[PDB]
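Working notes for the structure below.
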Amino acid sequence: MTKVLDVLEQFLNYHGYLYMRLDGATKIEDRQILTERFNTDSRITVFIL
DNA sequence: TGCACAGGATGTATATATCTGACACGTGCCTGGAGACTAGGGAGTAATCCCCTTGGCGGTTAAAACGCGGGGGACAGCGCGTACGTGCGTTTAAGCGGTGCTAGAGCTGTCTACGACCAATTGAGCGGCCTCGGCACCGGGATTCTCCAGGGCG
């Protein structure tokens with residue numbers, strides 16, 4: 001359920017990590033970019049889907 | 001001579017007998033009130049089936065919702081003048097009293113077409129079905145149609 005996603009964002013934001021969320025509420029243009037951004041070497045530890 | 005008075009000669013509200021109009025009461029013939037027989041139309045039930053819901057997750061889209069620029073159109077202010085508002089005298093014609101009529105309005109027998117009421121047939125009209133040619137939606141392309149920037153012109 002999507003109601004866990006916002007709570008998980010408030011948690012990951014509480015502990016201060018670098019994350020990116022991908023779900024049905026995003027657009028098509030921000031999808032592939034958030035993908036390649038995670039695949040390439042970066043500081044993002046967790047990727048929410 | 002100038003003056004007050006006693007009585008007639010006219011008004012005038014005042015009180016009395018008199019003329020319509022409308023409320024009030026006493027009838028009798030077309031109405032209602034009521035009694036009995038028929039019966040089909042209304043109250044009641046047994047499936048039924050059939051479309052209409054129950055509850056809520058997500059993903060995504062098209063429609064709803066908000067936000068700012070400003071352009072033009074609503075809108076306040078104000079002067080003008082002629083178009084009705086207001087006030088006179090002069091006229092044509094309706095109101096109304098009264099009249100001689102009639103021709104059409106209005107209540108009543110005859111019968112006779114002629115439509116109300118009831119069996120027998122059916123065929124034209126209604127439930128069921130399954131197709132295809134007209135219809136729905138959109139590309140291609142030409143056509144028009146409005147928006148904006150000089151500039152030749154004030």
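Scheme for the structure tokens: letters A, B, ... for chains in order shown; per-chain residue numbers from 1; ligand numbers from 1 in order shown.
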
Contact set, chain A to chain B: 12 Å, only C-alpha atoms (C1' of nucleotides), as a list in words:
residues 1, 2, 3, 23, 24, 25, 26, 27 and 28 of chain A

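With only C-alpha atoms (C1' of nucleotides) taken into account, the protein and nucleic acid residues at most 9 Å from residue 49 (chain A) (excluding it and anything under 3 positions from it in its own chain) are residues 5, 20, 21, 22 and 23 of chain A.
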
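Atom to atom, CA of residue 38 (chain A) and CA of residue 8 (chain A) stand 18.3 Å apart.
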
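Separating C1' of residue 126 (chain B) from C1' of residue 49 (chain B) is a distance of 23.3 Å.
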